[PDB]
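For the sequence shown, the positions run 109 to 173, 187 to 230, 235 to 291, 316 to 335, 339 to 398, 415 to 445, 452 to 479, 482 to 494, 511 to 517, 522 to 839, 847 to 918, 927 to 1027 when UniProt numbering is used.
The beta-carbon is built from N, C-alpha and C at its ideal position, and this holds for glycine as well.
Notes to accompany the following structure.
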Amino acid sequence: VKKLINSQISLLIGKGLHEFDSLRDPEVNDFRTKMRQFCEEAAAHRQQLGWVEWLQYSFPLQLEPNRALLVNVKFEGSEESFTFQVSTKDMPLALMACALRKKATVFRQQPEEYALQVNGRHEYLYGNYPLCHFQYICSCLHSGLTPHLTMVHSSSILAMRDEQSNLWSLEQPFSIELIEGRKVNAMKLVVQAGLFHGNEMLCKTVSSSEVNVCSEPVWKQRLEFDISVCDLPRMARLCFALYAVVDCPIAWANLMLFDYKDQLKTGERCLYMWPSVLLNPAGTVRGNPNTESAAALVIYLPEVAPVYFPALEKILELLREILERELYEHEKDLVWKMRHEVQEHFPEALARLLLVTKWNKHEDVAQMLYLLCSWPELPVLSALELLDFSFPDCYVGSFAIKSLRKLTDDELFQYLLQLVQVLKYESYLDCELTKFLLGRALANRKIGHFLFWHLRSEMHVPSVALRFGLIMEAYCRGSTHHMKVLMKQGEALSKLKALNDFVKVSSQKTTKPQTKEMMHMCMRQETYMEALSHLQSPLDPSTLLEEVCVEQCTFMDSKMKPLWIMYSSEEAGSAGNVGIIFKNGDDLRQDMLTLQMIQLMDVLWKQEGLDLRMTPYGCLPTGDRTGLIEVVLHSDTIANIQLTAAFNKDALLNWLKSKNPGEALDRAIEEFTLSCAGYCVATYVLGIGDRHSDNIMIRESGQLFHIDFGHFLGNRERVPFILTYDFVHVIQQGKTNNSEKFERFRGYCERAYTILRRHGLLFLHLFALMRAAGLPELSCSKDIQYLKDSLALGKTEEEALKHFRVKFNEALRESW
Ligand SMILES: O=C(O)c1cccc(Cn2cc(-c3cccc4c3N=C(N3CCOCC3)CC4=O)nn2)c1
């Protein structure tokens, strides 16, 4: 019935829907019914889209940021195929026209009723684009391969659509009553309490009287805060810390003083606390769900009267440049004084102005909000800064989203990971960000795919399980069919975990050959063959993983026995020969961020016409210390290649010569040189140390790349720029001296470095939002500072390039 759907979502999301119901929370009840309708009406809209708009939803085009080629085309019904020669500048229509036209000759006898499917992939070619804007066509040209496509008629596409259908009054100083608690420690117990608006204190942090450290922490005190109740802003957050002293932190807990209906809360409360690492303003505002084990604090919120935060209508009723290029009190005063100027003449300095406004004075907040309601839209870069925890106000949050609505699907995808982490900072379940993500996800299946996995991957974290579960359920209501596709992915991943556990056990008792044989036998079981085959890759939904082909599957020798799983697809040909690595026991989150950043650098470079031949391979956490990495085929580790050469320095170049005979070598050396420049710069900027020959790989094309990003951000040394002699040797064509090739290489590096600096704030804004994620190596200011320093953002370009040159020369000396 709908019974089945409910049980399908419960399995898919990793939480039973009955668990939601058992909280008997209207916030949650309302979140669920609110969004379910929102998601259900989005499904509505889509089931009536035109066939090209459906393609846009389900198969978003994959593009790049004159000359001729051979393309093979067939039609959906037959085996017969035709090979033409087309231009890289041609449109898909022209290609479809030739295809149609021929079929007519051989078929004894209108392009616009067709789209071209990439054989064996969930990828289509359509739209007004040259064939070498399409990533698959591009891929084939740089690799040499022949594009194989299938003419799909509009009515076949519509068959797919149809088969996937579903107040100011209160001047008294704010106060609470700290009643008692129930905890464990060695001393006397103190409760410190403090009121926050983002990172900023709304007043001084009143503390408890000292009470012995045994059993319950009875207090029955009245805590009064240095602030009027009418001055508490909408997003006011009360923050506790319980600790011992003769310092020993024990626990923390936060809550919103206003509930999700704008009512000021009153009065009693049991706060189930989170274990501590001293106040944690950024911490979640929801209680610890381990209500058996957690220490708890009972408090009382006094009745001040029913009081709601005023509606917007009431709210609305109530040397500049030289500092505007982190400032003093008099500077702040100037900026606040100048707010109208700021809006009219420096609209992009909104963030600055927001941080100087007095959130602990309601009158000031009102005047700021009135400016905000007429404020011009901001660039996306500026909106990314506003998503920071430092901007907690809901109107600000809403303004930020409003400026982000113009994000292209491509941009949104590039920033999605960060936007999901920002949900952790949200105060309430129903929020503009969640609505925006769910809307965009329901309009673009790729976005929906990566949103799903970002959420699913953290369900084992109790602070986000509820929020993320709820979002995934909403999403599933909005696409029943995608829900089935994702279940199939879940079933594969479930089987891989079991397979990997077995491998961990077996390798402890037997040789690797024996274990591998057992792995193979396990995989050939009907249940495994079936679970592991015929699915969309979680790494990239457009890649279909068809028949898992064992004999080629193995596992690595390293601790948590990462699995190496290979696939083939008759229908896709060579493009269907794809591999994934399943890893369980390692935290994949830091490879994802890093690989993501590298992707963004590649994109920023390509946007200036600089293609450094980078390899931004897929990486996707799917669960608790679980996830996938995309295999880059026809590549091996530097270590491995340093394995016939008389001198070890030549092993690399000999290998390249062997894979690139004759005049092919010069292209490979160029690919090596550009990619080396890319990764030299990327690893310097990102502070990725511990680079060695086991975690640097090369492709047979010549392109160098990095794997195993365990320790970025100098993490803390200050990782120098690195040039390896073996790499300089290849760049210089195996010559001792070749300053023509070398100083070109030095040019590539400098160009790459200077382009990144120009987008320095993009990197800082993105890393700022990633502080939400609790990555151990992105936890504080010192980590953000690393980026500031590596991009030398405090300098003029010039100064920065001179600085960079010292470092480059530094690195060169180091490489004998
Ligand atoms: O010794 C073996 O039995 C063995 C079995 C299968 C493969 C290998 C060689 N190997 C190991 C790895 C490897 C080891 C540890 C970490 C990683 C990794 N490869 C990775 N990739 C990613 C992109 O595609 C190339 C492989 C990523 C990665 O993080 N890559 N290749 C060795």
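Item, Value
"Length at least 4, wholly inside the segment 566 to 625: the alpha helix (DSSP H) runs in chain order", "576 to 582, 590 to 600, 605 to 618"
"Rounded straight-line distance, which links the Cα of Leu319 to that of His349", "19 Å"
"Cβ shell of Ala661 (< 6 Å), same chain only, five flanking positions each side left out", "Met655"
"Per DSSP, cross-strand counterpart(s) of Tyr249", "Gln242"
"Meets three-Cβ-pair contact criterion under 8 Å: the segment 970 to 984 and the segment 598 to 618", "yes"
"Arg154 to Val243 span [Cα, whole Å]", "23 Å"
"Per DSSP, cross-strand counterpart(s) of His349", "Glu352"
"Cutoff 8 Å: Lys210 Cβ touching any chain D Cβ", "The structure shown contains no chain D, having only a single protein chain."
"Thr947 versus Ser1026 - alpha carbon distance", "13 Å"
"DSSP state of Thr833 mapped onto helix, strand, coil", "strand"
"Close-in-space but distant-in-sequence residues of the same chain around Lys210 (CB under 6 Å, 5 per side omitted)", "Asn187, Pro255"
"Counterpart residues of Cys438 in DSSP-defined beta bridges", "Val472"
"Any non-hydrogen atom of ligand 1 closer than 7 Å to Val828 Cβ", "yes"
"For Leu266, the nearest candidate out of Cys391, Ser208, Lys224, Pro455 (CA to CA)", "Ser208"
"Whole-angstrom distance between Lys223 and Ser578, CA atom to CA atom", "53 Å"
"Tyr813 CB to nearest heavy atom of ligand 1 below 7 Å", "yes"
"Best match in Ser738, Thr833, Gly346, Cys219 for proximity to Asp897 [C-alpha to C-alpha]", "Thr833"
"Rounded separation between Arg968 and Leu1004 - CA only", "7 Å"
"Pairwise C-alpha distance: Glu326 and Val381", "15 Å"
"Near ligand 3: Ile825 beta-carbon under 7 Å from a heavy atom", "In terms of ligand content, the structure shown lacks ligand 3 and carries ligand 1 instead."
"When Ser992, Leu375, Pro658 are compared against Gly122, the one with the closest alpha-carbon", "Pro658"
"For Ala545, three-class secondary structure by DSSP", "helix"
"DSSP three-state assignment for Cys147, whether helix, strand or coil", "helix"
"Residue range of the unbroken beta strand (DSSP E) whose run includes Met339", "Premise fails: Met339 is in no beta strand (DSSP E) and is neither H nor E."
"Contact belief for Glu135 with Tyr440 at Cβ below 8 Å, rounded distance in angstroms", "About 16 Å separates the two Cβ atoms, so there is no contact after all."
"The segment 723 to 741 touching the segment 675 to 695, judged by at least three CB pairs closer than 8 Å", "yes"
"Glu516 beta carbon less than 8 Å from that of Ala545", "yes"
"Straight-line Cα distance separating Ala694 from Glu713", "16 Å"
"Beta-carbon proximity check, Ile328 vs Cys355, cutoff 8 Å", "no"
"The segment 764 to 772 / the segment 710 to 729 touching (three or more Cβ pairs under 8 Å)", "no"
"Validate contact between the segment 878 to 887 and the segment 959 to 968 using beta carbons, cut 8 Å, 3 pairs", "yes"
"Residue interval of the alpha helix (DSSP H) (run including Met715)", "708 to 720"
"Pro134, DSSP secondary structure in three states", "helix"
"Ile761, enclosing beta strand (DSSP E) - first and last residue", "759 to 764"
"Cβ neighbours of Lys757 in the same chain (closer than 8 Å, five flanking residues each side left out)", "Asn696, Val699, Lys700, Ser703, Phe751"
"Three-state secondary structure (DSSP) of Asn187", "coil"
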